[PDB]
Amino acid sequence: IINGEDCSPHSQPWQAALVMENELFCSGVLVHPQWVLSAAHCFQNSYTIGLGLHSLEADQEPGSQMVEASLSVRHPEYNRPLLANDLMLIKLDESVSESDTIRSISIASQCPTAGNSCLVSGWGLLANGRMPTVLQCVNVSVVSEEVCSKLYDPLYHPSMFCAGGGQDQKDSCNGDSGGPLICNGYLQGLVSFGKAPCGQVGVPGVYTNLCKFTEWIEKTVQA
């Protein structure tokens, strides 16, 4: 997260850390007690998932869990066309008893609208090029589909939307993939991709457009 700050502890209780050999490679979002959304480009044969976390380095905070997940499924149209349909569902090996610090979030029932006020969180690269130990949070605003399609020429697809791009240079970055973009209090997007470098003036980040996938997600959950 570029130009954010430490999140209030456990204020994003749906945040999931995806780690391998105890090293984060992506985030995800808890959407039901046994289901985590993430970017399809974060796909692995197995996962260790940190829930209820604030720090990655600290001793187990009260309420935190490290849970295994051995099953996941990418959207059948991931990367067709390139970069599009960037989502997958990870099924936890055990359902989590939701608690004060581990809670699912519901997906937005409206598609993104320019001007929407959002929050993105994650443990990805900071403005200073370092990785944080503590979960970072920053505000970004949705821009119009036409802005997104111009900026991400030639690869814009309706499974994507854009947020950020402000003169404030607030953005997601490497390591933030799969994490939540919360707009008006609902899960609106997952961090997906952007231009390198992250945090350029006039260049928003790209997020998976979850409102387009609610049917697929719930069909998969119920199957």
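Between two forms, the rigid core is defined as the largest C-alpha subset superposing within 1.5 Å. Start at 1 with the first residue shown and count on from there.
Comparing the two stretches 60-68 and 185-193 by root mean square C-alpha distance in 7 other deposited structures of this protein, with all structures fitted on the core, the more displaced one is 60-68. Superposing on the core and measuring CA offsets in 7 other deposited structures of this protein, the stretch of 5-13 and 18-26 with the greater mean deviation is 18-26. On average the C-alpha atoms of 52-60 have higher B-factors than those of the other stretch, with 52-60 and 152-160 being the two compared.
When the mean C-alpha temperature factors of 212-220 and 3-11 are read from the deposited coordinates, 3-11 comes out higher.
Per the deposited coordinates, the residue with the largest Cα temperature factor out of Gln34, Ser177, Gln44, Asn184 is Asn184. By the numbers in the PDB entry, the CA B factor is greatest at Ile107 among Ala84, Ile107, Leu135, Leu119.
Ranked against the other modelled residues of its chain, the C-alpha B-factor of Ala39 as given in the entry falls in the lowest third.
Ranked by Cα temperature factor within the chain, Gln169 sits in the middle third according to the deposited record. Annotation for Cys26: C-alpha temperature factor in the lowest third relative to the rest of the modelled chain, per the entry. Per the PDB record, residue ranking by Cα B-factor puts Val203 in the highest third of the chain. In the PDB entry, a CA B factor belonging to the middle third of its chain's modelled residues is recorded for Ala17.
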